[PDB]
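Letters go in sequence order (proteins before strands), and every chain restarts at 1. The analysis underlying the following values was restricted to heavy atoms, covering all of them including side chains, and did not include hydrogens, waters or symmetry mates.
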There are 4 protein chains.
Amino acid sequence: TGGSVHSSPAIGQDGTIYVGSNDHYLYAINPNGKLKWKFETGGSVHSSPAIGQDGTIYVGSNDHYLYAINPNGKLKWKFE
Amino acid sequence: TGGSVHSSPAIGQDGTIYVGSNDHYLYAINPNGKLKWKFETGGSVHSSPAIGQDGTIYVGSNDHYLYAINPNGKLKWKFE
Amino acid sequence: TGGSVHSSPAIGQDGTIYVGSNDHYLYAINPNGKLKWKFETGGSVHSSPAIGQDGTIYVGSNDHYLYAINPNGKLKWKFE
Amino acid sequence: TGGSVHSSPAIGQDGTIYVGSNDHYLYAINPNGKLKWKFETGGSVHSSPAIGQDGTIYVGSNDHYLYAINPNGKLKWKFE
Ligand SMILES: [Co+2]
Ligand SMILES: [Co+2]
Ligand SMILES: [Co+2]
Ligand SMILES: [Co+2]
Ligand SMILES: [Co+2]
Ligand SMILES: [Co+2]
Ligand SMILES: [Co+2]
Ligand SMILES: [Co+2]
């Protein structure tokens, strides 16, 4: 990534690995190691993502927000 | 929130997302992104919440306490 | 506790809540909020405990060791 | 280990305990406390490992990479 991977990975039902980076992004990586998508927050993503029953990926950011990201990498909502 | 979301979210059986913030609060957010409740501790909530079998939400705080919060946002007990 | 609860709680099958503290201890707290036991390591217990299939509680410490603690609070082994 | 165990342990189906250390290594320790293997990254392994459906161990490192390690301790891939 662009910075330290302090965040702890979460694994989706299909094997997708989600993890934050201090480069501000939440990453979605396929089991083969190839990027699926990345989503930019406003600050380091130390928080470790959680996966909802419908696949939604939730993760905090040092920009003060809790993010909810759709499985396709598009923002669902954010909470300050 | 009011500060960095270092804490890692926990997801309840009904989809409620619980996460701490460096603004001192534990947040309970509905799947639609609207606040359910927030509970103020005495310091940054870096710790990541855990959910008990009866729904109780446990989380540490930089104020030295482990908190046990009822699903409705009211304090159950705290331990120094 | 004696210091910041950075560690994230783990919940045993019987409801016991395990969490580390920057005061160097791993805590085992009953669901009613009363202490079951505490185990002293050599440094801040930032690491968040994990629970094995046989109930063993594993947690790292800033003293360089990974600890394995029996459900009764007695040391099983530690690894530097 | 060689440094602070900030990372939080993960437990495999066979009881193996996986945890990172600030000494740069991801550790795989048997339930009896004896080392199974260790894998060196380029920086502190604060991230806490996750275990895939096929046993793969994923963990971030302060060297910017997300690592995927085979159950035998050999690198599967890494992502910057
Ligand atoms: Co760097
Ligand atoms: Co930055
Ligand atoms: Co800020
Ligand atoms: Co403060
Ligand atoms: Co203090
Ligand atoms: Co100390
Ligand atoms: Co040291
Ligand atoms: Co180093």
Exercise answer: donor-acceptor pairs, residues 11-20 of chain D side-chain atoms, under 3.5 Å, sequence neighbours excluded:
| unit_1 | atom_1 | unit_2 | atom_2 | d |
| --- | --- | --- | --- | --- |
| D/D14 | OD1 | D/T16 | N | 3.1 |
| D/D14 | OD1 | D/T16 | OG1 | 2.8 |
| D/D14 | OD2 | D/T16 | OG1 | 3.2 |

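Under the 3.5 Å distance criterion, the side-chain polar atoms of B/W37 are left unmatched by any main-chain donor or acceptor of B/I29.
The two atoms that bring A/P49 and A/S8 nearest to each other are CD-O, 3.4 Å, heavy atoms only.
A/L35 contributes atom CG, which lies 11.0 Å from atom CG of D/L66 (distance to the nearest 0.5 angstrom).
Residue pairs meeting the side chain to side chain donor-acceptor pair (under 3.5 Å) criterion with at least one partner in residues 63-75 of chain D, sequence neighbours excluded, are D/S61-D/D63, D/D63-D/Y67, D/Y65-D/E80, D/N70-D/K76.
Residues forming a side chain to side chain contact (heavy atoms under 4.5 Å, CB included) with B/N62 (at least two apart in sequence, or on another chain): B/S44, B/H46, C/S4, C/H6.
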